[PDB]
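Notes follow the structure.
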Amino acid sequence: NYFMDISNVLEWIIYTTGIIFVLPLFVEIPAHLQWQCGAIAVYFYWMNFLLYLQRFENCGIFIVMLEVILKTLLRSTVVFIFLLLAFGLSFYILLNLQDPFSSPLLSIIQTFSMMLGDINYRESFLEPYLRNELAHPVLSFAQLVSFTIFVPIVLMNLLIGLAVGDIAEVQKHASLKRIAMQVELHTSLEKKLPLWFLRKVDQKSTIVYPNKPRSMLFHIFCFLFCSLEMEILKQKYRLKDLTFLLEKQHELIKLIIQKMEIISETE
Amino acid sequence: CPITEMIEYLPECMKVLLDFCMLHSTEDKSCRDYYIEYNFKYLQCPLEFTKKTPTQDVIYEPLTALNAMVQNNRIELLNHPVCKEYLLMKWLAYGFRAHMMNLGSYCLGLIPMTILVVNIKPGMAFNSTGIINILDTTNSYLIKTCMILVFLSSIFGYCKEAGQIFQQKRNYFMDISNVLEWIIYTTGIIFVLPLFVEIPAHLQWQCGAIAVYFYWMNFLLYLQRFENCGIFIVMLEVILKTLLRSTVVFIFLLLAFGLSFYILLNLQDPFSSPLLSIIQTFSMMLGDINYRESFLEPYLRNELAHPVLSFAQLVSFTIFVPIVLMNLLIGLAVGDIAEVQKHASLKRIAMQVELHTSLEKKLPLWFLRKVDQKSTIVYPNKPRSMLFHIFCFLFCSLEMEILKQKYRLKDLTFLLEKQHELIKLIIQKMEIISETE
Ligand SMILES: CCCCCCCC/C=C\CCCCCCCC(=O)O[C@H](COC(=O)CCCCCCCCCCCCCCC)COP(=O)([O-])OCC[N+](C)(C)C
Ligand SMILES: CCCCCCCC/C=C\CCCCCCCC(=O)O[C@H](COC(=O)CCCCCCCCCCCCCCC)COP(=O)([O-])OCC[N+](C)(C)C
Ligand SMILES: *CC(=O)N(CCCOC)c1nc(-c2ccc(OC)cc2)cs1
């Protein structure tokens, strides 16, 4: 049941790679492989260490917001791939004589770096144009203005709007989510402990002295640790009771007319 | 028809009517032989009323109840499991095959041009026997077949497009997808023509650039038919239309700053011509001002005519365009995306049911009689049929209450009026002795 879990996979990568980084105390290994593994291990240790901050109360809401934004980015990745591959192969054909666009894969990585707005207009477009070093100059400037309109303007603002919507959705229900994570942590931890330890550690009542201060280190830890629908439903209940009582009263009045005595008002 | 009437007026009774269409077999969820049956007898008309007939004057569009539920925004009925199984059956009947055929007929022209680009150095003239610089062999068997595939795909695209010309009859003129197909087909023809007529390499690569741009740009429009992707395409459409509405304010403000910098900074190379100055200010829009290179270092060498006016123009440009205008575009994008995601879950199922009800009107009636079904049987205990697992991994109210309140209060005041009339009748017919005067 643990196969569809990324935390297990991160632990596998960390443990194997940290084994290979340390093995020269038994078996001699070339230094290239050793530092190649040390890089991946030091990356994934501190990357995995964010997942242990989810258990705290002052931190876990940022981790769950980061999770939501990252999943939405994973949903947009296919539009990213196709649009970026379009612009990358177009710049590969247009700007072949320059060093950043020599290979197609280098051109794709260059357009991915140009995504944020580092276009390098003067170095790659203008100064080759003033030295007659651009084949197809008009097509090149038209490609430049089309790339500037599509990717850094439209797509980035799309990501910003998606992030704003997701963060508003998360912070709609933050205060319930915090206490839900705490009670889930305790009710999952309690199912594994033995029963005699539960009988020996629990309590049934607490006594709090508000005048006496609590027990320096605790002060530093405290510094680091720092409805219409139900109303209309009640309205509906009261109106239903009202119409029931009025029906009974109407029946009694018809009984009065049925049993009434009429003299000197007939015909 | 009363089913459409129930969808229009009382949808919560249609919910119960759909609840009668779900049958549980053994009422034991642990059994491996346990199943449930879905019946689809109320969701559509008989198929004879669908096709136009000289005897039957009236017609009905296919998927009747689903179209009626889409036009009345009854999403709680669309999320009912009988409707989900109905769309799943309708997709596995004929939708997947027609969709994969329509995608493959385009991908057959898409792939070989990308192969032909990434396996030939640009700028060189290439022919069926190889690359001319002397002739380079050892790839000619691949290059020849790729050029033949692109040529054949382009001429069959012409034939399909001319069929749509003689079919649609000038209603297709206000459509950008037809125009993109025209550009793709003509330009891919011109990129491949040296297997018949010799063409200079400059025109050949000039056409190859435009073709490889517009193939992958057009290929985004075929992702709109999927469910996991099309909402991004429609959000991109909305944002791009709003940018097209703001383009005139862009043009006037940018032309102001461009001609001002053309007059001020004439001695520098990026502002030599007026059109180059306009393109330079358009590039400076995002925040790449080049303060040190264009403003400060000419000032410390006494190379600026009008220095005070130049720095005032710099601070005015920095305030207007990268601060105000970009934040205006961000606010417009946030509002439009919130508006789209207000109605996402209805829009997805609406696109799916529109795709099926548009595809079904063209198929012949005997094929409809031979492919459809009336009931499905699902075994929840037995897993479905590796490749399917990879495909599943890649594929992963106050107003009505106050209205009811108003109805009940109106009934209440009607009954109280009748009761008041009866009490006045009691006083009219009552007998009074020993209480008179
Ligand atoms: C030209 C190129 C163009 C390319 C564009 C492509 C664009 C596409 C971009 C991104 C899409 C892919 C995202 C990859 C994983 C995201 C899912 C995820 O972690 O969310 C969830 C946590 O979310 C969090 O809040 C945790 C965040 C920390 C994890 C970071 C590890 C990443 C290191 C990799 C770097 C590798 C590089 C190595 C190089 C040396 C985990 O999933 P879950 O099951 O929901 O929750 C279970 C959580 N518990 C219970 C386990 C706690
Ligand atoms: C100094 C300069 C300053 C200038 C500032 C100017 C700023 C102005 C900027 C932009 C305004 C102009 C935008 C042009 C078209 C936008 C309309 C459009 O596609 O929306 C809709 C789709 O929307 C989508 O979601 C599809 C998106 C993909 C299409 C990309 C093709 C563009 C390539 C061109 C590049 C050319 C360069 C060539 C160079 C070699 C299509 O229209 P629709 O009818 O609503 O929907 C029908 C959709 N179906 C049914 C067909 C599916
Ligand atoms: C409203 C609609 O979609 N239906 C419901 C179908 C369920 O009952 C079979 C319609 N029914 C008719 C109809 C007309 C004539 C005949 O021939 C006997 C059958 C059904 C038209 S739409």
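Protein chains in written order, with the deposited numbering: chain B, 798 to 1012, 1015 to 1025, 1039 to 1079; chain A, 621 to 753, 761 to 1012, 1015 to 1025, 1039 to 1079. Note that the Cβ used here is the ideal one computed from N, Cα and C, for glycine as well.
If you run the structure through DSSP and keep just helix, strand and coil, what is residue i?
i, result
"A:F746", "strand"
"A:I770", "helix"
"A:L902", "helix"
"A:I751", "strand"
"A:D963", "helix"
"A:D639", "helix"
"A:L955", "helix"
"A:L762", "strand"
"A:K787", "helix"
"A:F853", "coil"
"A:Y662", "coil"
"B:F1024", "coil"
Using only the alpha-carbon positions, how far apart do residue i and residue j sit?
i, j, result
"A:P925", "A:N893", "12 Å"
"B:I906", "B:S921", "15 Å"
"B:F1056", "A:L1051", "13 Å"
"A:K868", "B:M953", "16 Å"
"A:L959", "B:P949", "15 Å"
"B:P991", "B:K974", "29 Å"
"B:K1048", "A:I1044", "9 Å"
"A:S937", "A:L891", "7 Å"
"B:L1064", "A:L1054", "17 Å"
"A:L698", "A:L686", "8 Å"
"A:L886", "A:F909", "12 Å"
"A:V951", "A:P897", "25 Å"
"B:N798", "A:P1010", "16 Å"
"A:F669", "A:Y680", "6 Å"
"A:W843", "A:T814", "14 Å"
"A:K771", "A:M733", "12 Å"
"B:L913", "B:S904", "15 Å"
"A:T624", "A:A688", "6 Å"
"A:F1024", "A:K1001", "27 Å"
"A:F716", "A:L663", "21 Å"
"A:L762", "B:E825", "52 Å"
"A:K649", "B:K1060", "48 Å"
"B:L882", "B:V961", "27 Å"
"A:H644", "A:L1040", "34 Å"
Got a sec, what are the start and stop residues for the beta strand (DSSP E) residue i sits in?
i, result
"A:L643", "642 to 644"
"A:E657", "656 to 659"
Between which two residues does the alpha helix (DSSP H) carrying residue i extend?
i, result
"residue 1013 of chain A", "A break in chain A separates 1012 from 1015, and the residue in question, residue 1013 of chain A, sits inside that break with no coordinates."
"A:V998", "992 to 998"
"A:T814", "803 to 819"
"B:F922", "Looking at the DSSP string, B:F922 is not in any alpha helix (DSSP H), and its letter there is neither H nor E."
"B:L1058", "1040 to 1071"
"A:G729", "716 to 738"
"B:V875", "857 to 891"
"B:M844", "828 to 845"
"B:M978", "971 to 986"
"A:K710", "701 to 710"
"B:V935", "934 to 945"
"B:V824", "First-last for B:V824: undefined, no H or E at that position."
"A:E668", "No alpha helix (DSSP H) holds A:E668; DSSP gives it neither H nor E."
Taking 7 Å as the cut-off, does the CB of residue i come closer than this to any heavy atom belonging to ligand 1?
i, result
"B:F877", "yes"
"B:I811", "no"
"B:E864", "yes"
"B:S804", "yes"
"B:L847", "yes"
"B:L870", "yes"
Would the C-beta of residue i count as close to ligand 2, meaning under 7 Å from any of its heavy atoms?
i, result
"A:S910", "no"
"A:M844", "yes"
"B:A883", "no"
"B:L959", "no"
"B:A932", "no"
"A:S904", "no"
"A:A838", "no"
Worksheet entry | Environment of ligand 4 in chain order, Cβ to heavy atom below 7 Å | Annotation note on ligand 4: not contained in the displayed structure, which lists ligand 1, ligand 2 and ligand 3 as its ligands.
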